[PDB]
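Reminder that position 67 of the sequence shown reads as 69 in the entry's author numbering, one-by-one numbering, no gaps.
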Amino acid sequence: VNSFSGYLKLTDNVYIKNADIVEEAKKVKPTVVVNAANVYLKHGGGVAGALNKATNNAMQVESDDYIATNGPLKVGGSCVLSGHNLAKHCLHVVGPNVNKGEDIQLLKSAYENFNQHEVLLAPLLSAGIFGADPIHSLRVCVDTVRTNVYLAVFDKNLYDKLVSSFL
């Protein structure tokens with residue numbers, strides 16, 4: 003049993019809800035929240051900008067020190083950092099950004115990072131300002147992630163479309 007409430011069950015392991023991932027993290031304090039990161043961990047906008055704002059910029063401070071030490075992530079890669087006031091840990095995952103011309107096949111590699119964590123609160127990778135089709139992102143998620151993933155979809159319209167169209 004876990005703390006996640008109000009989710010629709012899509013599969014054995016994948017759950018979805020219309021929710022603001024920031025407000026959901028603040029309520030649940032999950033072990034892992036996933037950030038929709040870029041390779042530079044520059045948390046300017048989208049999910050990353052919202053998560054970072056909710057930490058009062060402490061996520062960005064920690065991320066800048068990580069990059070200074072380790073250099074940029076790979077597209078499809080991840081790192082584990084603090085979850086600050088939102089979660090125990092934040093898994094920063096880099097999905098391909100279609101608005102930069104990155105290979106959408108890298109979306110499966112991105113979701114494979116989730117399999118290193120038994121339970122996660124996450125957004126749909128490469129959705130929103132990363133430019134991918136969220137219906138495709140949900141299909142890759144279901145077909146790739148084997149651990150228990152609770153997906154937060156900010157937009158009610160999109161949430162209803164993802165559910166209605168789910169095979």
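C-beta atoms are modelled at their ideal positions from N, C-alpha and C, and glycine is treated no differently.
First through last residue of the beta strand (DSSP E) which encompasses residue i
{"i": "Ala38", "result": "34-38"}
{"i": "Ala154", "result": "150-155"}
{"i": "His94", "result": "91-95"}
{"i": "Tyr9", "result": "No beta strand (DSSP E) contains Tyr9, which DSSP labels as neither H nor E."}
{"i": "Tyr17", "result": "16-20"}
{"i": "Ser80", "result": "80-84"}
Reference residue i; option with closest CA among the options
{"i": "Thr13", "options": "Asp157, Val155, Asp145", "result": "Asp145"}
{"i": "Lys158", "options": "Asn4, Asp22, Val3, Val16", "result": "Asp22"}
{"i": "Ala56", "options": "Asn87, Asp67, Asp135, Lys163", "result": "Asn87"}
{"i": "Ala129", "options": "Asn99, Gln107, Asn115", "result": "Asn99"}
{"i": "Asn20", "options": "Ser167, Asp66, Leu153", "result": "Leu153"}
{"i": "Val77", "options": "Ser111, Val16, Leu10", "result": "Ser111"}
{"i": "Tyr161", "options": "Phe6, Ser7, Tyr17", "result": "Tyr17"}
{"i": "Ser166", "options": "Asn101, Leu10, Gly103, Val3", "result": "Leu10"}
{"i": "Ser139", "options": "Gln118, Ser5, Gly97", "result": "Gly97"}
{"i": "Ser5", "options": "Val121, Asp105, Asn101, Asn15", "result": "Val121"}
{"i": "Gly103", "options": "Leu83, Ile131, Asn59", "result": "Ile131"}
{"i": "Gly85", "options": "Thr71, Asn59, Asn72", "result": "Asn59"}
{"i": "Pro136", "options": "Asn117, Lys163, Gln118", "result": "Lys163"}
{"i": "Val82", "options": "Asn15, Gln118, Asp105, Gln107", "result": "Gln118"}
8 Å Cβ cutoff met for residue i and residue j
{"i": "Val147", "j": "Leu109", "result": "no"}
{"i": "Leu123", "j": "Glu26", "result": "yes"}
{"i": "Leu43", "j": "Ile69", "result": "yes"}
{"i": "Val30", "j": "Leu93", "result": "no"}
{"i": "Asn101", "j": "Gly133", "result": "yes"}
For residue j and residue i, believed in contact at Cβ under 8 Å, the rounded distance
{"i": "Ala38", "j": "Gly46", "result": "No, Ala38 and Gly46 are not in contact; Cβ-Cβ is about 11 Å, not under 8 Å."}
{"i": "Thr149", "j": "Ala89", "result": "With 8 Å as the limit, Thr149 and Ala89 do not qualify as a contact, their Cβ atoms being about 15 Å apart."}
{"i": "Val41", "j": "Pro74", "result": "4 Å"}
{"i": "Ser80", "j": "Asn115", "result": "4 Å"}
{"i": "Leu126", "j": "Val155", "result": "7 Å"}
Delimiting residues of the alpha helix (DSSP H) encompassing residue i
{"i": "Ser128", "result": "No alpha helix (DSSP H) contains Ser128, which DSSP labels as neither H nor E."}
{"i": "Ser139", "result": "136-146"}
{"i": "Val41", "result": "From DSSP, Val41 is part of no alpha helix (DSSP H); its letter is neither H nor E."}
{"i": "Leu53", "result": "48-56"}
{"i": "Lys158", "result": "158-166"}
{"i": "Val63", "result": "60-72"}
{"i": "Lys29", "result": "23-30"}
{"i": "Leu109", "result": "108-114"}
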